[PDB]
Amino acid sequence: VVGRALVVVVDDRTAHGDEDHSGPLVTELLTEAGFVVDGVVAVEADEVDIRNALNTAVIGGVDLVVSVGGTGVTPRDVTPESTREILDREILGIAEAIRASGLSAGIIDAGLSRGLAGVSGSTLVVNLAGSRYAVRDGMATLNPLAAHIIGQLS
């Protein structure tokens, strides 16, 4: 039992009631890696809402938060800006490894993802890009890294 994890799905349509294509996948992958998943929170691609969702999880003592979406370059891709405000420190290695793995698998939104990763309070927070391939490959890359960091934070 590695810890507690939360999925934050950053998508306007999903926030407004549409089917969630990312939450169950990330839940399945997190559960497989030994996490108990608190649930999935869906938020608009809005800086205030994203920050509030991340901060709420940190205050709540979650071990791992994985966000999905909002890491591209269109106007509304504000997940990295939001995440930057709430991090006490960055673990660049996590974002580099995820980008490196995405690029060589030809998953372009992962290879170029502006997503961040770091520690806020005692919580590891990681932004993943929104595509299903990005989600699968990012989690594959994250598995050994998250266990190590959470163990150190405990």
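Sequential numbering from 1, following the sequence displayed.
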Higher-scoring stretch by recorded Cα B factor average, 21 to 29 or 8 to 16: 8 to 16
Between the two ranges 63 to 71 and 34 to 42, the one averaging a larger CA B factor in the entry: 34 to 42
Ranked C-alpha temperature factor of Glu90 among modelled chain residues, by third: middle
Lowest, middle or highest third - CA B-factor, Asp49: middle
